Trainee: 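Mind looking over this structure? Questions follow.
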Amino acid sequence: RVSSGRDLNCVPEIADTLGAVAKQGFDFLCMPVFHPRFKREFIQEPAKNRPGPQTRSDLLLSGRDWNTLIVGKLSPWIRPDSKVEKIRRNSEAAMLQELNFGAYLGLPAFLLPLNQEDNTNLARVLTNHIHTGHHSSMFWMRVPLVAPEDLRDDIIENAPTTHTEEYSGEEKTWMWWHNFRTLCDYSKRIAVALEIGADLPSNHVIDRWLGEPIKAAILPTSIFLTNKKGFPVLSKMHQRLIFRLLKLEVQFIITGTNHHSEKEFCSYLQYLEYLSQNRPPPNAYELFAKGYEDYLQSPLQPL
Amino acid sequence: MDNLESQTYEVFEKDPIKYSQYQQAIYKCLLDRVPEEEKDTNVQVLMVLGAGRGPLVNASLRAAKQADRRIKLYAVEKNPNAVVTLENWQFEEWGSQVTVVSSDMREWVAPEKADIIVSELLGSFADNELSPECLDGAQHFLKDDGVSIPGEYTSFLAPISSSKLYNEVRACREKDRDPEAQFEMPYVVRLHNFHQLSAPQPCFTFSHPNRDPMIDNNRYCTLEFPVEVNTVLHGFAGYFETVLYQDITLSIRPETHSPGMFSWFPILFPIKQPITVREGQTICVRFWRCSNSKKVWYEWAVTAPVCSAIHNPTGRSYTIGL
Amino acid sequence: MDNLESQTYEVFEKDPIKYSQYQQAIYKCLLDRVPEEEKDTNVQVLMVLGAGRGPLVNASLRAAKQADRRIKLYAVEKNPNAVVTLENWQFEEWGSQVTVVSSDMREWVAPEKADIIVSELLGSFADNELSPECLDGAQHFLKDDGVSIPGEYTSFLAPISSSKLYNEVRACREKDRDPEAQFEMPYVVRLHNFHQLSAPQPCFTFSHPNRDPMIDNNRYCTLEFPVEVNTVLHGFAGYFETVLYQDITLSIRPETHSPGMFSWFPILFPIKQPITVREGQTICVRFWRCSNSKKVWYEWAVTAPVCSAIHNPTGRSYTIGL
Amino acid sequence: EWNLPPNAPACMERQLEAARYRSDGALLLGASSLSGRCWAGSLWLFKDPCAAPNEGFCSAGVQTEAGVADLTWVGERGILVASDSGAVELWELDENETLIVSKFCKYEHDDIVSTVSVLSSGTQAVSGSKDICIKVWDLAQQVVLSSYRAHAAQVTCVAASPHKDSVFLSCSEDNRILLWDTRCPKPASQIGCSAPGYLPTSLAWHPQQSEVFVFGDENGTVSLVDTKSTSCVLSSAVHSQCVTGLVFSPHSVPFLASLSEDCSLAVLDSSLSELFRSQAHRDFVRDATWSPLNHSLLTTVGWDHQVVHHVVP
Ligand SMILES: O=C(NC[C@H](O)CN1CCc2ccccc2C1)c1cccc(NC2CCOCC2)c1
Ligand SMILES: O=C(NC[C@H](O)CN1CCc2ccccc2C1)c1cccc(NC2CCOCC2)c1
Ligand SMILES: Nc1ncnc2c1ncn2[C@@H]1O[C@H](C[C@@H](N)CC[C@H](N)C(=O)O)[C@@H](O)[C@H]1O
Ligand SMILES: Nc1ncnc2c1ncn2[C@@H]1O[C@H](C[C@@H](N)CC[C@H](N)C(=O)O)[C@@H](O)[C@H]1O
């Protein structure tokens with residue numbers, strides 16, 4: 001048995017949506033806090049003065065349901081490191097706004113993408129947030145195993161995908177995150193939500209996220225294979241990964257639409273439970289060493 | 001400087017007395033202001049200052065349909081996060097009887113003057129959330145004959161003995177700051193394992209509106225407490241009283257406590273060093289309310305039976321941001 | 001937030017260049033503004049903002065009797081202690097040609113608009129004494145065609161290596177504060193035992209007056225420094241340039257330093273951890289100017305060849321009070 | 001509210017996303033609810049174009065499930081919709097045209113579908129999404145025929161060529177404008193003036209040469225591109241914010257409509273000079289449509305919930 005959430009980017013009714021997913025078996029929900037498309041303006045008139053409400057009301061769920069069931073997502077239009085000054089400024093303000101809102105709601109965690117090399121300003125806005133007021137919320141960075149650019153189909157005739165290997169280039173993504181948490185000065189409130197893809201990278205660059213503060217793994221529906229009886233499964237190698245990630249007691253996150261209408265979402269989830277059930281079983285040492293992991297003791301003054 | 005979280009509003013909104021008491025205050029005031037024959041001719045303009053998730057607004061609506069009188073509402077609120085709840089309430093329910101304003105009340109340019117302003121901006125020591133400053137900054141848009149609710153509040157102090165609490169404050173030393181800062185700021189606390197050495201006495205009072213020629217919110221006050229037991233002083237419990245309208249009040253002063261109101265605990269003012277007091281003696285203490293343009297703070301000392309250090313000089317250990 | 005001491009003014013008043021350069025700036029500007037035939041018909045109104053012990057005022061008087069033109073003076077000054085010197089000068093010497101005003105320039109209600117305002121409110125990193133904010137708060141009383149002196153200033157940065165200075169900053173740890181605060185604030189320092197790793201580059205610029213639709217003094221800027229030697233980065237020297245009027249300038253940028261001007265040392269921006277840099281590499285750093293209503297601060301990081309911690313997030317280690 | 005005929009919903013959501021004239025002369029409207037309790041969308045037909053956005057004076061209406069990010073007419077009774085749900089849906093108008101019915105709703109994108117365009121023949125369509133994919137649909141079959149991960153960031157705009165059923169332009173936040181032609185083994189080709197400009201945010205083919213188009217960037221610039229020359233022909237700083245849309249007039253020598261998040265409309269000539277400008281909107285301007293019946297009439301909608309008819313010199 002594992003803890004796992006749904007990742008949605010569309011929620012017409014928050015009550016109904018939550019019910020659906022919990023009835024499907026999920027532990028929690030990743031959803032937006034403001035409408036993903038609801039670009040807001042903060043400086044120039046008249047848009048600046050747009051009549052409200054800016055978003056949904058808190059009253060739509062119990063405090064308990066907020067604290068325990070909902071993971072926030074940053075709006076996708078928010079680009080603090082844009083090269084366009086005006087965009088940069090609205091993104092700053094908007095990011096602050098969506099962040100203070102998550103904190104106002106007391107969400108247990110909030111998601112933010114690292115989908116490019118440069119996140120200096122995103123990092124600086126977030127650090128600035130962490131050192132303002134008091135809240136305990138976790139920040140999850142959505143970083144992918146393989147950069148979006150290195151995943152694209154080789155289908156631009158005049159811009160081929162540079163065919164033979166770069167040892168560094170398969171690692172660029174870890175450096176996105178490395179640099180990010182170094183600037184944020186290893187805050188303990190900033191962890192990783194690693195996105196798994198269809199094509200796993202070279203085994204080394206998977207090694208790379210050994211030791212890092214992974215708190216979740218995002219599996220898109222589109223990477224599941226399909227068995228003799230139309231059910232969703234994973235490649236042999238993708239299973240190696242799950243088993244490893246299970247040891248870290250990460251939470252799993254299913255994202256994207258269903259690509260097998262022949263059954264519910266609960267089938268993807270069902271499979272995961274199956275893998276947890278069928279892990280290389282806990283031994284004498286491992287059962288004993290359980291509530292002790294990464295716990296630092298000073299040794300004794302033996303004398 | 002900070003914004004209240006959704007769950008905070010949630011918990012306090014459930015108070016069984018604070019809200020009905022306000023409804024009753026607006027009710028009384030409406031009548032005293034529009035006479036029976038004028039009832040449909042006169043629409044009182046009512047401004048709620050710090051409207052939160054809207055319970056004072058609702059309670060105003062409930063007051064008007066109890067006085068059977070007519071009102072125009074503004075709901076001013078600084079917290080943009082709460083302003084979200086409000087703006088949702090006003091579209092789903094209230095309608096354009098309520099105008100929701102998302103700004104600070106010191107800042108808002110009001111389209112019109114008010115008949116009555118309304119606020120609950122009080123802390124356990126009455127004026128420790130800068131309600132003086134806020135209502136002073138808002139009063140220029142109150143009609144010349146305008147009522148404020150509340151009309152006044154008054155703080156109080158009583159000396160206490162408690163090793164238990166003295167030890168809890170002590171335990172509040174943090175790295176990277178004065179090793180004695182714990183002692184120079186007031187704690188909101190449910191006072192339990194303690195002894196009250198003398199009856200509470202009034203400390204600071206503020207009236208609203210302030211028809212004061214030139215307004216000054218700073219204060220200095222001296223209190224003498226008769227002590228008739230031997231003991232050791234570890235600090236002062238503060239409490240407060242407030243007049244909403246006429247006889248309708250709220251209080252956390254134990255001798256007049258409002259039955260069932262859980263919305264405020266008392267405050268604690270500690271002292272750096274405990275002071276022995278002989279049966280028969282008088283405790284003299286002193287409090288100052290201080291300010292500049294940026295922040296307001298308290299500073300205090302005991303002058304009898306011995307002196308303490310003047311506590312918190314300059315707001316060096318704590319201030320409240322303006 | 002603080003007031004300069006008499007001896008401070010005393011020492012800087014002896015600068016042999018800052019003063020004559022200002023005299024020359026006002027001189028040029030007066031001519032360009034009142035033509036020869038108009039000379040006795042037109043009396044330019046001149047406001048000195050932050051008048052100190054009055055040397056800019058005198059220098060204005062010297063400018064007018066050099067341009068052979070006629071001027072009305074105001075001497076605005078926030079420091080009441082200096083305002084004493086000024087008010088003594090104006091009774092003993094200046095006469096009612098000079099009106100001395102004892103207030104803040106953000107605050108003063110000016111009886112009339114100005115032809116030219118004049119100020120020296122600059123620090124070694126140009127805008128690190130909040131001259132942006134002050135002149136912005138004063139500009140509403142400058143005539144629509146009014147000149148500001150200075151017209152603009154520009155900050156600069158160059159990376160440096162110095163174990164000596166890295167060790168001096170380190171030595172600035174104090175009890176009762178972040179054990180790394182030393183590293184998150186800029187030091188005014190006469191840079192001596194150091195190596196400059198790359199040529200200075202411009203950082204932040206401000207123009208006056210600010211005909212900006214909606215004004216914003218905040219900033220973010222990215223700099224790339226070519227490094228052609230192996231070494232270890234310990235921080236950034238800041239310097240500045242300013243245009244008083246047209247070609248008349250002052251500078252502490254080494255390549256354009258004003259001969260004999262001792263009035264400003266360079267500034268140092270340290271970094272928490274020193275960073276190795278290979279011959280051939282590029283140092284990317286980043287600076288933000290930040291603010292709220294109460295204070296302005298800088299925050300900065302290195303992004304190449306490796307990252308540093310974002311320094312000073314929130315002004316937690318240092319801010320300049322508004 | 002004269003009748004609000006059967007199946008039309010009571011209220012129309014504030015955020016107007018799209019507006020399209022039929023050759024007939026009627027007006028198609030798309031609307032999202034982008035804030036408040038329910039995050040939905042709706043579709044509307046207004047045979048009286050002057051009577052919009054007023055709900056009771058409409059010919060037909062229908063609640064969609066999620067918001068509408070984009071849409072387009074299919075022939076004469078078809079309405080093709082880009083959903084928040086990640087679905088592309090087709091709604092087909094009533095025979096009397098007083099009812100609007102679901103035809104297919106296919107959940108094929110992994111994230112919000114943000115752009116949709118109909119190919120010349122009218123049998124096929126191409127859509128773009130935040131999932132970074134571009135998809136080609138058989139509208140008759142109700143299936144995805146082809147899927148393309150050409151881009152490295154979310155897709156901002158796709159647009160079919162006027163006349164060639166296999167050529168379409170797309171642009172994304174990965175800073176690429178792609179000329180497509182499915183006839184090639186490698187379909188996409190990267191067209192632009194040179195190396196990185198500002199991000200491309202909107203596209204329109206010239207209605208008279210399958211050879212020439214305009215693109216709009218996040219910085220407020222509209223530019224004119226020749227594929228035949230591959231160099232940046234002419235440009236102009238038309239806006240103070242993002243350029244969200246470009247619409248050519250039906251005129252022989254056509255005019256160019258240009259909408260933006262600065263809440264303004266501009267009409268430009270052949271050489272991109274300003275002929276007209278309108279501040280009528282007090283929130284974002286989302287779509288523009290030229291009257292088929294009167295070619296000097298132009299209609300625009302915004303998030304201010306205004307439906308606005310312009311007379312163009
Ligand atoms: O006195 C307390 N806090 C000082 C605050 O100014 C209290 N007011 C109470 C009125 C109020 C209304 C809306 C939003 C915030 C507030 C805060 C306090 C703090 C925490 C808890 C409590 N008491 C109750 C005891 C019964 O259960 C719920 C907490 C009281
Ligand atoms: O750069 C320095 N301080 C930053 C200040 O903003 C300098 N300005 C200089 C202009 C000025 C005028 C009046 C009152 C104060 C000030 C302060 C500084 C501080 C102490 C000493 C010096 N340099 C000179 C070196 C030659 O002997 C006298 C001290 C320079
Ligand atoms: N200067 C100010 N301007 C506007 N709102 C303020 C100001 N100061 C405090 N507030 C708001 O006033 C409220 C104070 C609360 N005690 C009242 C909440 C609400 N009326 C209730 O009784 O449940 C908070 O929501 C504050 O954010
Ligand atoms: N906001 C303000 N309003 C009025 N005076 C100010 C303000 N800020 C700084 N000052 C004064 O401006 C002066 C700045 C000095 N650098 C100039 C002193 C003098 N003019 C000199 O050059 O010797 C100081 O005397 C400050 O006290």
Side-chain angles (χ1 to χ4, degrees), chain A residues 11 13-15 32-35 38 40-42 45 47-70 72 75 90 92-110 128-137 185, chain B residues 1-14 50-58 73-96 98-104 107-109 111 129 172 174-177 185 187-188 318 320-321:
Chain A
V11 167
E13 205 135 296
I14 171 153
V33 281
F34 284 79
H35 192 290
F38 191 26
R40 314 185 258 322
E41 165 68 35
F42 299 83
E45 292 203 336
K48 178 183 199 300
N49 289 302
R50 145 151 94 247
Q54 313 305 313
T55 196
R56 286 188 173 108
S57 176
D58 45 344
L59 296 163
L60 294 173
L61 307 159
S62 62
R64 167 147 195 82
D65 278 1
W66 285 116
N67 294 141
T68 56
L69 301 181
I70 311 292
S75 285
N90 276 323
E92 285 159 26
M95 182 181 176
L96 273 190
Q97 179 185 32
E98 302 198 348
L99 286 173
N100 298 329
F101 199 71
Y104 167 82
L105 294 180
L107 311 179
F110 195 106
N128 261 258
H129 177 68
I130 306 158
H131 294 111
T132 322
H134 272 287
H135 34 106
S136 200
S137 185
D185 189 25
Chain B
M1 277 182 165
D2 288 333
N3 278 316
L4 283 165
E5 308 160 80
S6 151
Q7 290 74 4
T8 300
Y9 289 111
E10 183 202 60
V11 175
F12 286 124
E13 281 165 2
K14 289 165 169 201
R53 281 146 103 242
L56 285 189
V57 186
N58 279 338
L73 280 168
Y74 293 81
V76 197
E77 178 52 53
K78 121 220 148 44
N79 196 346
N81 305 286
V83 169
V84 157
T85 327
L86 289 177
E87 252 157 26
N88 264 236
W89 259 88
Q90 105 83 47
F91 181 89
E92 312 203 339
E93 301 286 348
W94 299 332
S96 69
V98 184
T99 313
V100 171
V101 179
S102 198
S103 76
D104 203 284
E107 281 309 76
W108 187 44
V109 192
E129 287 183 11
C172 287
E174 301 178 347
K175 51 164 64 53
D176 321 329
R177 66 158 190 200
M185 64 180 65
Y187 293 85
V188 167
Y318 118 99
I320 302 154

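Both backbone and side-chain heavy atoms feed into the values below; hydrogens, waters and symmetry mates do not. First the proteins, then the strands, lettered A, B, ... as listed; each starts at 1.
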Trainee: With rounding to the nearest 0.5 Å, note down the distance linking CG in B/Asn88 to CG in A/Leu59.
Mentor: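 Those atoms lie 8.0 Å apart.
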Trainee: For the candidates B/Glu10, B/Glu92, B/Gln7, which exhibits the highest count of non-hydrogen atom pairs separated by less than 4.5 Å from chain A?
Mentor: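 When all of B/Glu10, B/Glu92, B/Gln7 are compared, B/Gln7 has the most.
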Trainee: More than 12 heavy atoms of other residues, nucleotides or ligands under 6.0 Å from OH of B/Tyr187: yes or no?
Mentor: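 Enclosed: over 12 neighbouring heavy atoms sit under 6.0 Å from OH of B/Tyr187.
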Trainee: Picking from B/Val84, B/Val100, B/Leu86, which has the most non-hydrogen pairs under 4.5 angstrom with chain A?
Mentor: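 Ranked by contacts with chain A, first place is B/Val84.
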Trainee: Would the number of heavy atoms belonging to other residues, nucleotides or ligands and lying under 6.0 Å from CD of B/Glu13 be above 12?
Mentor: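 Result for CD/B/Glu13: enclosed.
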Trainee: Between B/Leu4, B/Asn3, B/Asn81, which is the residue that forms a side-chain contact (heavy atoms from CB on, under 4.5 Å) with A/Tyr104?
Mentor: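 Between A/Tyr104 and the candidates, side-chain contact (heavy atoms from CB on, under 4.5 Å) is satisfied uniquely by B/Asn81.
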Trainee: For the candidates B/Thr85, B/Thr8, B/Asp2, B/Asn79, which exhibits the highest count of non-hydrogen atom pairs separated by less than 4.5 Å from chain A?
Mentor: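 The candidate making the most pairs under 4.5 Å is B/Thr85.
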Trainee: Output the distance between atom CD (B/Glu5) and atom CG (A/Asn67), rounded to the nearest 0.5 Å.
Mentor: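 If we round to the nearest 0.5 Å, B/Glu5:CD and A/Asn67:CG are 9.0 Å apart.
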Trainee: Report which part of A/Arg56 has an atom under 4.5 Å of a heavy atom belonging to chain B: side chain, backbone, both, or neither.
Mentor: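 The answer is the backbone of A/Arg56.
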